[PDB]
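Structure assessment
One letter stands for each residue in the lines below.
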Amino acid sequence: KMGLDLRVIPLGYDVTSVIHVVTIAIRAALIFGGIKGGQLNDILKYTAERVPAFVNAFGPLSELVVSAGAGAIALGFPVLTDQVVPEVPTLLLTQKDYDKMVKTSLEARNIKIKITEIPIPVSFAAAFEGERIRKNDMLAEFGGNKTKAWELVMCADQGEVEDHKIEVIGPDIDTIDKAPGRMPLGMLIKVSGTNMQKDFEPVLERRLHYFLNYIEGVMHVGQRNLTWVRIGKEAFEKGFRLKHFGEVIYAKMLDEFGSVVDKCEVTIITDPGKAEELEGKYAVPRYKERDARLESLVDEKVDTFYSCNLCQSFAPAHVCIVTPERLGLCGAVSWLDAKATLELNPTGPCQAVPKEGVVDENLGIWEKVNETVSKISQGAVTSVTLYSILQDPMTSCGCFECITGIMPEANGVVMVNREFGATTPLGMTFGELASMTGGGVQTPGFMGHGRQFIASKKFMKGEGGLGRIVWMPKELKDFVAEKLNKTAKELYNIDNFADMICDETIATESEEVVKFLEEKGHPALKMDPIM
Amino acid sequence: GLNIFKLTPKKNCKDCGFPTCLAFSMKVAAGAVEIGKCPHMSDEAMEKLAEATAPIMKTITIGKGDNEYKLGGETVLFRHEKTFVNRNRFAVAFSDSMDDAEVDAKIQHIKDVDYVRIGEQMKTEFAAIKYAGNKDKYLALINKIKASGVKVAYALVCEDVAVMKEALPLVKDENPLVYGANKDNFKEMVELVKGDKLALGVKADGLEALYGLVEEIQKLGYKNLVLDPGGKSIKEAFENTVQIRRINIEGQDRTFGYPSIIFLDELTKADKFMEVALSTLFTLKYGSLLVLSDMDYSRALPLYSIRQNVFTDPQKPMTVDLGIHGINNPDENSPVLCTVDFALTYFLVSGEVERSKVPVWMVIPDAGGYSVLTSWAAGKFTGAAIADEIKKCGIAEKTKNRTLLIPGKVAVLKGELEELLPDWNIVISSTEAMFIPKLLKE
Amino acid sequence: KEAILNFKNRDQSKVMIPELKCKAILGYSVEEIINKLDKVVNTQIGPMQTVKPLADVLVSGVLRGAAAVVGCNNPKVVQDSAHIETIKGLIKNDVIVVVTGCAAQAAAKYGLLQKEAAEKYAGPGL
Amino acid sequence: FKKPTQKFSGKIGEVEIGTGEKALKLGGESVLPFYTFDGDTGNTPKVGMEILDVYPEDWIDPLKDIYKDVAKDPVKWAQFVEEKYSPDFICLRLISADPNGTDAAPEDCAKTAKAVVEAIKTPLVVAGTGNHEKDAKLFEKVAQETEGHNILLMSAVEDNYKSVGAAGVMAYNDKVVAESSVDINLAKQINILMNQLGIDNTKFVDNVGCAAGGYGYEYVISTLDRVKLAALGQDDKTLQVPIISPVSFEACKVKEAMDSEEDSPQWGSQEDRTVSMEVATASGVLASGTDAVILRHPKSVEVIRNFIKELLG
Ligand code: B12
Ligand code: SF4
Ligand code: SF4
Ligand code: NI
Ligand code: NI
């Protein structure tokens with residue numbers, strides 16, 4: 001059925017009639033691109049980037065047809081044919097298989113078709129998130145203490161993934177005795193793309209938690225091999241099977257992550273043997289390598305930090321600089337998270353900050369960092385220091401959980417947490433410290449940060465290191481003690497550095513804390529004066 | 001504020017009342033407390049920090065206990081930069097060349113236009129009594145206003161020193177504003193206001209003449225000043241006000257570091273809507289004390305609403321108290337309505353509920369001081385928070401009613417709540433707040 | 001360890017290191033070249049992991065040919081002059097150049113072993 | 001004293017709306033609003049009046065008395081408003097296309113917009129509903145039908161920013177409003193998205209949000225201050241487009257404005273409260289850096305025009 005509304009337009013029986021669609025691309029540059037006539041290079045650049053046209057030349061090709069195809073190539077339109085031709089990669093391609101010509105052309109022109117609906121019987125929507133189904137409603141249960149279940153998103157070469165390939169290994173939920181039963185669940189999502197890299201694998205994986213939760217009748221909580229999934233009996237009635245897991249995952253992966261994901265393959269494994277074999281072969285090595293990469297990343301290896309300005313809605317001058325060792329002070333934005341956000345969401349909160357114009361690497365001063373901070377904060381903050389608390393410190397917004405303040409009598413710094421409602425050696429409570437520190441104002445001697453920055457190598461590197469930590473609430477100390485002791489052992493100190501740090505149980509007062517520190521041989525009493 | 005800590009004796013004797021010397025350093029750095037509260041301060045550093053802590057703009061206090069208002073004390077030209085400290089005040093203008101009917105009408109308007117909006121009492125703050133030529137009528141008007149019973153501060157506008165000497169003792173004990181200093185009578189005005197530390201109003205033609213007059217007054221030793229930016233037209237008055245504020249703030253000049261008084265009734269020729277427009281303008285543009293011809297609800301509602309909005313602290317917005325709010329004297333059996341900590345949200349919701357006259361208990365969780373969806377999209381408003389607050393608040397005081405209404409604009413929160421509150425009947429009510437009174441009625 | 005211990009005998013007054021260094025990209029084994037060529041292979045056509053894209057560009061005439069530049073320096077020739085001139089001429093004529101040895105190092109010093117060099121020296125097809 | 005003479009490196013761009021001698025220009029200022037002492041304000045702020053396609057049942061009784069004989073017909077309503085009050089522009093709000101209320105096909109609203117635009121000489125602003133999905137199709141149809149008059153399309157939010165951008169600026173040579181919600185960074189994002197699409201700063205204006213006085217007004221004020229300071233002080237090229245604020249959309253629906261005198265006897269005249277709310281909101285946003293305002297009551301239009309004339313001249 002041919003028509004303009006049917007999007008099937010016959011131009012003419014002569015080869016020269018192909019110019020009538022060429023002028024469509026040409027006038028698209030003239031009308032929508034706003035390019036004046038005579039700017040041929042700009043028009044050719046426009047049609048190559050903006051007009052997703054391609055040529056399918058069928059049947060024997062005369063010299064005139066080939067020369068007209070060279071015109072299509074001149075406009076950036078790849079030419080596909082079923083004839084033997086002198087192929088040019090990405091420009092002139094031979095595809096004899098008529099069953100694959102459409103798919104070949106879409107790949108050659110980088111055309112993606114949006115799957116409007118997910119082919120599932122059960123309703124899919126965001127409003128169905130958090131609707132817990134009880135034991136009475138439940139049919140199937142995966143993971144937890146009942147059995148072993150795992151999920152993994154891995155990047156693979158395009159050859160190893162097949163587009164829209166949803167397969168199930170082992171029995172389905174239809175073989176269940178109709179009683180609530182236990183069976184292992186292995187979810188394996190292979191994703192391939194030109195812009196996809198390994199550092200983006202965790203991010204997509206997190207979205208899996210939401211993608212399964214938007215289906216009514218199924219709930220997913222947990223991560224990696226701690227997968228914990230429940231499927232209700234009503235899903236069993238409506239016609240929900242394990243293949244719809246793959247259908248939903250594929251649809252949402254191609255929708256949300258179309259920028260970096262070109263091909264997606266979802267595999268559901270139910271066999272006791274195959275699930276464990278694939279978890280051992282694929283899941284655990286990638287979990288270990290992700291943990292190792294998170295552990296081993298330092299500011300020296302990278303050459304690009306990331307600026308985040310998400311919290312400028314309530315702290316107009318606040319700019320967060322995220323390094324491998326300095327997390328976003330909200331505690332939820334990391335260096336890898338910022339890189340993934342910049343790749344997936346350009347013109348978003350996270351932007352690249354090149355490491356150029358190094359001024360003081362001990363203190364953490366770069367000319368490019370100062371330039372970016374001045375630009376993003378709209379000139380409110382001009383010069384910043386990444387690793388020092390007293391000299392041109394970073395600002396704080398108000399999402400932070402921990403506040404580090406300076407205690408000069410102890411020649412160190414105390415730390416307060418949001419959940420700690422009592423007083424500190426410093427006097428101010430967390431609320432007064434929060435009012436003094438947050439809001440995007442550079443306040444020397446005070447800073448806001450998360451729990452992970454405490455055990456960092458760059459924590460107060462400009463003032464000596466984390467040896468300045470002289471007071472900390474007992475819960476915070478118990479949470480951080482392992483990594484704090486590791487970093488202090490690397491610094492210059494016996495491993496049990498947590499015990500020398502005072503807490504609210506021992507003493508919350510100036511002279512008492514000072515006496516405990518000096519009787520305990522705290523390193524902060526043997527350093528240079530902090531101010 | 002860590003710089004002043006070095007000048008401090010660094011001996012946490014807690015004589016100042018602040019827990020540590022660093023606590024005192026940070027308290028006086030914010031400008032909340034002056035530097036003189038340290039008894040052990042070294043004299044040289046004491047003077048140094050008396051000069052250093054000196055605010056760029058002086059704060060003038062006018063009135064007694066129930067009519068005490070603070071003017072000035074600002075630090076930035078835009079509220080998003082740091083904040084706006086002291087809200088502007090409104091005066092109603094009376095003149096001795098007025099009929100007794102008009103004076104009585106204005107007094108009745110001052111008494112009638114008085115309400116409470118989000119915990120702040122909106123009412124006329126000042127009576128600006130102007131001298132129009134007759135001493136006896138001026139004194140009679142002052143006595144009539146005093147005896148009428150209006151709870152307002154007093155601003156006596158009289159450039160005649162002879163009249164002012166007799167008029168001042170009528171309202172001297174109430175800490176008034178004495179406006180009328182000129183280039184020739186400022187000596188006598190300073191002598192009049194110097195004994196009781198009364199605020200003195202300074203006026204001159206042009207900004208340069210005003211600057212010279214303020215310098216002449218300051219050389220006499222008086223600093224309790226309220227400036228009149230002047231201007232024969234609206235454009236010139238706006239220019240003078242903006243220039244005074246920017247000279248004080250951007251130029252770091254203490255000569256113009258004083259609140260301004262703007263007579264909008266004279267600029268607008270008693271035009272009500274032009275008064276509203278200029279009052280909003282000078283609320284946003286450095287007008288400390290705005291004088292208006294009259295006061296009614298058409299003036300009061302938008303002006304007071306906007307003034308309440310503008311002078312909120314950007315870092316700490318208005319938040320209602322956590323707990324269980326009783327509306328329409330709820331008994332044991334009364335429906336329970338849950339809503340966020342945001343003051344505007346609670347204001348609207350409780351206005352709808354109180355108008356419904358149905359006894360409805362109200363529960364406020366800790367949503368971070370954000371609207372329902374702003375907090376929800378930020379994730380601070382979930383079903384877990386509602387369950388936690390319902391369990392802890394103490395709803396057990398009143399029982400036999402399990403229908404709980406939840407903000408309708410967030411409906412995705414439903415599924416969790418029924419699991420977290422099995423006995424409670426969780427209802428996701430209508431989105432719009434105008435549906436609330438009918439739903440409570442039915 | 002012998003080399004490291006000799007650092008104590010350094011005479012820093014006799015040291016002069018010219019501030020002239022150049023970024024280079026290398027590592028193009030046949031396997032690496034095939035991996036790079038896999039990008040311009042249409043997945044629906046293939047095959048993968050062959051030299052077929054290179055053969056295609058050579059046969060179509062987009063690339064006129066491939067030339068290997070190898071060899072040493074020689075005091076008889078202005079050092080690195082012939083290497084650089086030959087390489088620039090070849091790539092300007094849409095001849096892709098593979099380099100080894102001291103010629104490759106002359107190209108590295110000059111700055112030809114850079115992606116940017118493609119738009120600075122190469123002809124249209126290359 | 002030294003006169004404060006801080007200079008700005010930025011300048012707000014100018015956008016032209018309408019055709020003929022009634023066409024209005026927005027932007028061009030190099031200083032803060034009404035700061036004629038600091039420098040030059042490129043164009044005077046413009047005041048527009050709001051009309052609907054359907055009869056305004058929810059409006060206050062005095063407004064229905066003002067338009068008792070013309071409110072039935074949008075064409076007659078627009079001609080009456082132009083002949084009686086002569087605003088800088090007319091905002092035709094297509095509320096009959098709102099999916100939550102009465103729902104209409106985009107063809108009917110486009111026909112109404114064409115009928116209105118071919119009967120008036122003043123610039124026309126066509127505003128849709130709050131639904132993005134409906135807005136995309138509605139604005140495509142409206143821009144196709146009302147071609148050749150350089151109308152302004154409101155609420156080109158991010159979700160449909162392409163569609164309203166393509167059917168508007170690109171195809172039929174109209175202007176558009178990039179709409180964000182009380183955020184300077186979201187305004188920057190929508191401006192950058194419009195620029196990357198192929199739409200210049202001379203082809204759209206910004207709506208950084210609008211609210212009535214007392215209901216989140218400080219957020220609008222702070223957003224206006226921040227965008228103005230960034231555009232002028234920082235020479236931020238992505239924020240140098242003029243700003244339009246629809247005041248009557250929010251200021252006229254609040255309890256203070258819409259309560260009748262019988263509903264609140266102590267408050268007084270309903271018309272006076274409506275005009276006062278409109279005037280206060282418009283005055284505040286004009287002082288904070290808006291370039292055009294949409295007002296409903298003609299008395300508010302007159303008061304705001306006199307306010308602008310007094311401040312600028
Ligand atoms: C002002 C504003 C801000 C300000 C102030 C927020 C505040 N503290 O109130 C700030 C900058 C903080 C802000 C931030 C964000 N905002 Co905001 N915000 C707004 C805005 C403009 C108005 C909100 C408001 O003032 N509401 C007033 C109160 C009274 O409304 P309310 O609480 O919803 O109450 C209504 C109903 O809920 C009902 N009601 C209330 N309680 C109850 C209870 C019951 C039982 C019932 C039946 C009814 C009911 O009564 C009221 C009706 O009159 C809206 C746009 C809009 N026009 O709605 C965007 C908006 C809500 N923001 C939004 C978002 C997403 C955000 C952010 C999360 C991200 C961003 N920048 O957009 C951030 C979060 C910051 C943070 N850390 O929390 C979105 C929400 C979208 C969504 N569906 O998730 C909007 C719609 C903007 C948009 N881009 O479209 N925001
Ligand atoms: S605290 Fe976190 S969310 Fe806020 S700006 Fe920094 S990285 Fe972004
Ligand atoms: S009174 Fe002075 S010396 Fe004593 S604790 Fe307070 S600030 Fe320190
Ligand atoms: Ni933050
Ligand atoms: Ni924060």
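Residues numbered from 1 in each chain as written, not as in the entry; some residues may be left out. Chains lettered and ligands numbered in written order. Part of a larger assembly, values for the part shown. Heavy atoms only, no water.

**A short note on the overall build of chain B**
Counting secondary structure elements, chain B contains 17 helices and 17 strands. Taking the principal axes of the C-alpha coordinates as reference, chain B spans close to 80 × 65 × 35 Å. Residues counted as buried form 56% of the 442 residues belonging to chain B. Within chain B, contacts between residues separated by at least 24 positions form 65% of all contacts whose residues are at least 6 apart in sequence. Taking the 56 positively charged and 61 negatively charged side chains of chain B as two groups, their mean positions are separated by 3 Å. (Helix = DSSP H or I, 4+ residues; strand = E, 2+ residues; numbered from the N terminus. Buried < 20%, exposed > 50% of the residue type's maximum accessible area, 1.4 Å probe, protein only. Contact = heavy atoms within 4.5 Å. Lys, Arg positive; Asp, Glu negative; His and termini not counted. Charge placed at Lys NZ, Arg CZ, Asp CG, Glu CD.)

**Here's the deal with the interface of chain A and chain D**
Tallying the contact residues gives 12 residues for chain A and 16 residues for chain D. Across the interface of chain A and chain D, roughly 1100 Å² is buried in total on both sides, 39% from carbon and sulfur atoms. Three residues, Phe32, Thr347 and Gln378 of chain A, lead the burial of chain A against chain D; their summed loss comes to 54% of the area buried on that side. The interface formed by chain A and chain D contains zero salt bridges. On the surface where chain A and chain D come into contact, there are six residue pairs in polar contact. Looking at side-chain class alone, the side of chain A that touches chain D contains four nonpolar, seven polar and one charged residues. (Buried area = accessible area lost by both parts, 1.4 Å probe. Salt bridge = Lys/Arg side-chain N within 4 Å of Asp/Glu carboxyl O. Polar contact = N/O pair within 3.5 Å; in protein donor to acceptor, adjacent residues only side chain to side chain. Nonpolar A, V, L, I, M, F, W, Y, C, P; charged D, E, K, R; others polar.)

**A closer look at a nonpolar patch on the surface**
A cluster of nonpolar residues, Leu4, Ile9, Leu11, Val15, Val18, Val21, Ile24 and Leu64 of chain A, forms a patch on the protein surface that exposes about 710 Å² of accessible area. Relative to the elements of secondary structure, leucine 64 of chain A occurs in helix α3 (residues 63–74). (Patch = residues over 30% accessible without salt bridge, like charges linked within 9 Å, V, L, I, M, F, W, Y side chains within 5 Å. Areas by Shrake-Rupley, 256 points an atom, 1.4 Å probe, with all protein chains shown as cover.)

**So, the coordination of the nickel ion (ligand 5)**
All names here are of chain A. Here the nickel ion (ligand 5) is held by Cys397 (SG), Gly398 (N), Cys399 (N) and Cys399 (SG), and the distances to it run 1.9 to 2.2 Å. With four donor atoms in place around the nickel ion (ligand 5) and angles of 82 to 174° between them, the coordination shape is square planar. For the nickel ion (ligand 5), the single-chain donor residues occur in sequence as C-G-C. In this structure, the nickel ion (ligand 5) is positioned 3.1 Å from the nickel ion (ligand 4), and both are ligated by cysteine 397. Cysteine 397 sits in the buried class, given a relative accessible area of 3%. (Donors = N, O, S within 2.8 Å, 3.2 Å for Na, K, Ca; no water. Tetrahedral: all angles 85-135°; square planar, octahedral: opposite > 155°, others 65-115°.)

**Focus on a negative patch on the surface**
All names here are of chain D. There is a patch of like negative charges on the surface, built from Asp61, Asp65, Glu261, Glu262 and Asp263. Considering the arrangement of structural elements, one finds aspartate 263 in the loop between α9 (255–258) and α10 (270–288). Residue class for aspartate 263 comes out exposed when judged on its relative accessible area of 52%.

**Brief notes about the side chain of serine 429 of chain B**
Take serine 429 of chain B: it is sitting in the loop between β17 (425–428) and α17 (436–441). Residues within four places of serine 429 of chain B in sequence aside, it is in contact with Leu405, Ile406, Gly408, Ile436 and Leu439 of chain B.

**A short note on the sheet that holds strand β3 (residues 92–94) of chain A**
For sheets, the rule is that strands pair by backbone hydrogen bonds, running either parallel or antiparallel. Residue and element names in this part refer to chain A. Reading across the sheet, the three strands line up as β1-β2-β3 and stay open at both edges, with parallel pairing between neighbours. The outermost strands of the open sheet, each flanked by one partner alone, are β1 (55–57) and β3. Ignoring strand direction, the axes of neighbouring strands in this sheet form an average angle of 25°. Bridge count between β1 and strand β2 (residues 79–81): three bridges; the pairing is parallel. (Pairing = 2+ DSSP bridges. Axes fitted to C-alpha atoms, helices over the stretch in contact; angles between N-to-C directions.)

**Describing the coordination of the nickel ion (ligand 4)**
Geometry sets the ideal angles at a metal, namely 109.5 degrees for four tetrahedral donors and 90 or 180 degrees for six octahedral donors. All names here are of chain A. Donor atoms from the polypeptide that coordinate the nickel ion (ligand 4) comprise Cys311 (SG), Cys397 (SG) and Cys399 (SG), at 2.1 to 2.2 Å from the metal. The coordination sphere of the nickel ion (ligand 4) comprises four donor atoms, whose angles at the metal cover 87 to 126°; the geometry is tetrahedral. Summarised as a motif, the one-chain spacing of the donors to the nickel ion (ligand 4) is C-x85-C-x1-C. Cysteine 311 gets classed as buried once you look at its relative accessible area, which sits at 18%.

**What to know about the interface of chain D and chain B**
Contacts between chain D and chain B engage 48 residues on the former and 45 residues on the latter. Its salt-bridge partner being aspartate 38 of chain D, residue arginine 246 of chain B comes within 2.4 Å of it at the nearest N-O pair. Run the count over chain D and chain B and you get 13 residue pairs in polar contact. Counting residues per element, the ones that place at least two in the side of chain D that touches chain B are α7 (217–232), α9, α10 and α11 (298–312) of chain D. In terms of residue count, the dominant contributor to the side of chain D that touches chain B is α10 of chain D (12 residues). Taken together, the residues of the side of chain D that touches chain B sort by class into 22 nonpolar, 14 polar and 12 charged.

**Things to note about the site of ligand 1**
Taken together, 33 residues are adjacent to ligand 1, and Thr339, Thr345, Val372, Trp376 and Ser430 of chain B come closest. Two or more chains meet at ligand 1, and those chains are chains A, B and D. Within the contact set of ligand 1, a nitrogen atom lies 3.5 Å away from a backbone nitrogen or oxygen of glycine 369 of chain B. Between ligand 1 and the protein, one listed contact pairs an oxygen atom with a backbone N or O atom of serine 371 of chain B at 3.3 Å. Every element with two or more residues in the shell around ligand 1 is listed here: β14 (336–338), α13 (343–356), α14 (372–378) and β16 (403–406) of chain B. Sorting elements by how many residues they give to the shell around ligand 1 places α14 of chain B first, with six residues. (Near = heavy atom within 4 Å.)

**Points about the arrangement of the chains**
Across the four pairs of chains that are in contact, the largest number of contacts falls between chains B and D. Over all C-alpha pairs, chain B and chain C never come within contact, reaching a minimum spacing of 41 Å. The least C-alpha distance between chain C and chain D, which are not in contact, is 25 Å.

**Thoughts on the sheet that holds strand β17 (residues 402–407) of chain A**
Residues and elements named next belong to chain A. Spatially, four strands are ordered β19-β17-β18-β20 in an open sheet, and the strand pairing comes out mixed. Two strands bound the open sheet, and with one partner strand each, they are β19 (446–449) and β20 (469–471). Ignoring which end each strand starts from, the neighbouring axes of this sheet average 35° apart. Strand direction decides the pairing type here: β17 and strand β18 (residues 412–417), joined by six bridges, are antiparallel. Note on β18: the bridge partner recorded for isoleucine 406 is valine 413.

**Looking at the pattern of salt bridges**
Tallied over the entire structure, the rule returns 64 salt bridges over all chains. Among the ionic pairs, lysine 114 of chain D bridges to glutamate 118 of chain D, the shortest N-O distance being 3.1 Å. According to the relative accessible area criterion, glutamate 118 of chain D is partly exposed, its value standing at 48%. It is possible to trace a salt-bridge network through shared partners that takes in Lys198, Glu201, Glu205, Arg286, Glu289 and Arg290 of chain A.

**Looking at the state of the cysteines**
Residues and elements named next belong to chain C. Applying the stated criterion across every chain, the model contains zero disulfides over all chains. In this structure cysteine 102 is not part of a disulfide, and its nearest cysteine sulfur, from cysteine 72, lies 6.2 Å away. For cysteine 102, a relative accessible area of 35% puts it in the partly exposed group. (Disulfide = S-S within 2.5 Å.)

**Considerations on the environment of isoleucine 34 of chain C**
Residues and elements named next belong to chain C. Relative to the helices and strands, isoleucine 34 is located in helix α2 (residues 30–37). Distance from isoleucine 34 to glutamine 49, taken between C-alpha atoms, is 5.7 Å for residues 15 residues apart in sequence. Look past the residues within four positions of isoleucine 34 in its chain and what remains in contact with it is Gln49, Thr50 and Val51.

**Notes on the pairing of strand β1 (residues 59–62) of chain B**
Along any regular strand, the residues point their side chains to alternate faces of the sheet. Residue and element names in this part refer to chain B. Side chains of β1 alternate between two faces, with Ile60 and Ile62 buried and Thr59 and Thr61 left unburied. Where β1 meets strand β2 (residues 69–72), four bridges bridge the pair, whose relative direction is antiparallel. Looking at β2, one finds that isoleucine 60 is bridged to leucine 71. Turn length for the β1-β2 hairpin, with the two strands adjacent in sequence and antiparallel, is six residues, and the turn residue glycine 63 shows positive phi of about 100°.

**Some thoughts on the packing of helix α11 (residues 272–284) of chain B against α11 of chain D**
One way to put it is that α11 of chain B packs onto α11 of chain D with a least axis distance of 10 Å and a crossing angle of 55°. The pairing of α11 of chain B with α11 of chain D is recorded here as oblique in orientation. Crossing handedness for the pair α11 of chain B and α11 of chain D: right-handed. For the pair α11 of chain B and α11 of chain D, contact is made by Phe273, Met274, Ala277, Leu278 and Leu281 of chain B and by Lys299, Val303, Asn306, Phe307 and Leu311 of chain D, respectively. When its residues are assigned to classes, the contact of α11 of chain B with α11 of chain D shows eight nonpolar, one polar and one charged. (Parallel < 35°, antiparallel > 145°, perpendicular 65-115°, else oblique. Left-handed = near helix turned anticlockwise from the far one by under 90°.)

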